[PDB]
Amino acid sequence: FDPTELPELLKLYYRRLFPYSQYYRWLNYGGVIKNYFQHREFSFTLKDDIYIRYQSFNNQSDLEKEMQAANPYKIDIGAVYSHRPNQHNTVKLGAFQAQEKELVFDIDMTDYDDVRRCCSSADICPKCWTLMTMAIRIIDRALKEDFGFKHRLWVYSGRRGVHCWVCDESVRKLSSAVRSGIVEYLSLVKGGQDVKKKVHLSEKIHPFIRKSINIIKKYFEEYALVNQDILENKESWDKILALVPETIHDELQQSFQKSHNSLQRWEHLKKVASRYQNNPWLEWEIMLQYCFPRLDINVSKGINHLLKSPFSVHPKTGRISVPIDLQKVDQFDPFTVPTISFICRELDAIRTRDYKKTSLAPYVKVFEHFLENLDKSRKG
């Protein structure tokens, strides 16, 4: 993909491919509440990194217009405010308030750099992507079963990770404190870089943790012991020994030297750890520390947080911020995700149905099913 064709591709994409209809369907929420879409903040990042926020629009047409006119490189969605963001200059200090917004999560592969061996920073590969899969399943399960959130839209970030938009009516009215509490409930991996051991479990295991572990169990052998090979050599297995008491270090060190692969060594770790318990949950603390999601509280805490819009175009990979079908989550592949050049290619090889003829269609379908359930909930 070539980022210089981009300003030309954006023109076309924003004119004949970006699903404005479904977009407005989403953000207008069936018109039940007035000025909801009209009080929504957007922000655009234009060429040469020109950043503008407090963008608001009268309706879908105004949006189509200003977007096609600006042709932004980045689009971020924000809160629904007390007034129209456009007019924020006209509002007296103290009355311009973010009032409602979807509950959002940002999962970023870069946050796993201390426990994945294949890549670092913004690099991703099929061997580490399984981490997202566990993250989506682990978290979405909690949002659905523990919290009863019914309308959850998962979106590819374009390069390094995934977003979740929780859009239930009661959720959009959640205070920053409750949001922060939901993040604290979901969070198990605590610490920065000074701290080598980021997971400590109590004698009693809360169901969320149990159900998260059981999801990780299903993936751990292939992800961690085979593909990542976290016990390949001493440099790697010392990092794991750093997460367990010193009194079992020597025993494990020898059993690791005498062993041939990570499966054997993990199986040894299990037996020694289990034996350590009798006279605690080391295995699970290690699995969690190596596979459980890391969550930035600042992303989900603030009602005024601006997050990458679905169907944005990634300035470098060219990939589309596409919705993720929760039913096929294990089959999701960020490397076969449509790029803008590909869907413009498809378009220039054939009115409101042009995108259906592109590879963009099934993701818009996922988005439409997300919208349909959203209507049904408003009705009954």
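A residue's number is simply how far along the shown sequence it sits, counting from 1.
In terms of unmodelled positions of the deposited sequence, the chain runs continuously from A69 to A70 in this entry. Of the two segments examined, 202-210 and 85-93, it is 85-93 that shows the higher average Cα temperature factor in the deposited entry. As listed in the deposited structure, the average C-alpha B-factor of 256-264 and of 284-292 is greater for 256-264. Between the residues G192, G158, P310, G78, it is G192 that shows the highest Cα B-factor in the PDB record.
Ranked by C-alpha B-factor against the other modelled residues of its chain, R152 falls in the lowest third. Remark: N278 belongs to the highest third of its chain, ranked by C-alpha B-factor as recorded. Among the modelled residues of the chain, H305 sits in the middle third by CA temperature factor in this PDB entry. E145 sits in the lowest third of its chain by CA B factor, as recorded in the PDB entry.
Per-chain ranking of the deposited C-alpha B factor places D229 in the middle third.
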